[PDB]
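The data below hold one chain only, encoded as structure tokens and taken in the form deposited in one PDB entry.
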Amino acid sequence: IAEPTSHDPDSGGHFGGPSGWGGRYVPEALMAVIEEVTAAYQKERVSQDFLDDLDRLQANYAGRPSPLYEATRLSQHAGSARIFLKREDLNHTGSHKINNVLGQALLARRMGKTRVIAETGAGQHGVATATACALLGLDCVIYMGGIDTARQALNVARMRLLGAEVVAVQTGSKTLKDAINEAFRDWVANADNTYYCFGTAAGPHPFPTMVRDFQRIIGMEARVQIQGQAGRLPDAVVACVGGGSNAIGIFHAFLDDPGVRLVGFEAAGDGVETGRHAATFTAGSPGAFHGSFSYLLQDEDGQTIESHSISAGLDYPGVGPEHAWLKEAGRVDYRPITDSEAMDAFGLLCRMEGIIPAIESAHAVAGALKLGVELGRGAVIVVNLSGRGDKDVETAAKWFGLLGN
């Protein structure tokens, strides 16, 4: 059943008032196709046949529900609090991103689109998108910077095995932005046949709401599971925060539970004081960026500052506008976690529970250990384990001296 729209934005995509967070800060050139996707999503989100289609793929193809695992061997390192891991690491493709791409690729077929495009940094969203396109028989084009392309040979080859065309952009800085720039423009030129699959809970309206709606399932499952295992609602629910899809997806079901603390953990890199971080809420300020009014890392003139993190998925200078609203409203706290804190948590999770987390997810684990110390013995903390760490084994092995020279 389509769920109530109490925490939704207005028809312009604004959270907290007619000129609040979110909106559409995009060129008039993109508006036709944005209005087309918005109408298509309005129709389909209340369609029982669309939700049946998505649920059938969620169940048989993607492996939902993911389990909730009490990591009893982490307890000692979290002040004897009880850490429950929501296991999105077990999803097909190894993260929560599959939930988003399945929804949007279904939507593309509903709209009559034959062709999907997307962009990617390290490659996770590119693989997820290419996976969904292969399944639904859509032509896929992934935009990736030449600097990312040549240093991610295996993810490029994954995408090509999946039938997608990977386009290495060899102009300008040859990184994530030149790829985006070319995708946006592909969309405009081929709008009658092409859908743009965006990878996080950000961008102009309808993307923050749509992406969050395709990730709500995490929190919905988790709310039921924790009451089953713990016997009550948790003291806290936490997650790592890039653009914010996995965090908002687990948070949403708990928004109206006033006893449940919600905590987002963001990448502090080498430290917030060093200027090599992605601590968007901790160090950033309000502004227009990548289609929305939200928080970003920006200088005195409003230019975007390069972010840095050991994790690729948290290495983003902005954050989704629903998170900005929830911060202003006092409902969710956002806290910094450094590279080191995250890597310690990565290693700890490997040794104690045998789970190799994504380094993104390790920021949430790291933060969950600190919150466990603060909240104390017997406290119940649900942690979104947004992905598995197979992609991160080489980075981690280097960190811990396991390769040598």
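Note that the rigid core is defined as the largest set of C-alphas that superpose within 1.5 Å between two forms. Residue indices: 1-based, along the sequence shown.
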Q: Can you let me know which of the two, 171-179 or 318-326, has the higher average C-alpha B-factor in the entry?
A: 171-179
Q: Report the stretch with the higher mean CA temperature factor, choosing between 90-98 and 139-147 on the basis of the entry.
A: 139-147
Q | Selection from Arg276, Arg212, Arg223, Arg82 [criterion: highest C-alpha temperature factor in the record] | A | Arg276
**Q.** Top residue by Cα temperature factor, when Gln42, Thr338, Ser66, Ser361 are compared in the entry
**A.** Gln42
Q: State the tercile, meaning the lowest, middle or highest third, of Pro204 with respect to the CA B-factors recorded for its chain.
A: middle
Q: Could you look up the Cα B-factor of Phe254 in the entry and say which third of the chain it sits in: lowest, middle or highest?
A: lowest
Q. So where's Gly16 on the chain's Cα temperature factor ranking, which third?
A. highest
(Q) Per the entry's values, where does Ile117 land by CA temperature factor relative to the rest of its chain, in the lowest, middle or highest third? (A) highest
(Q) Going by the CA temperature factor in the PDB record, which third of the chain does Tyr196 belong to: lowest, middle or highest? (A) middle
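Another form, the form deposited in another entry, is not on view; read the next lines as being about it.
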Q | Comparing forms between this form and the one not shown after core superposition, the one residue of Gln152, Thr209, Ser309, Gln104 displaced by 2 Å or more at CA | A | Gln152
Q) Does superposing the core leave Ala268 with a CA shift of 2 Å or more between this form and the one not shown? A) no
(Q) Rigid core aligned, does the Cα position of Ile180 differ by 2 Å or more between this form and the one not shown? (A) yes
Q. Relative to the superposed rigid core, does the CA atom of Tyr295 travel 2 Å or more between this form and the one not shown?
A. no
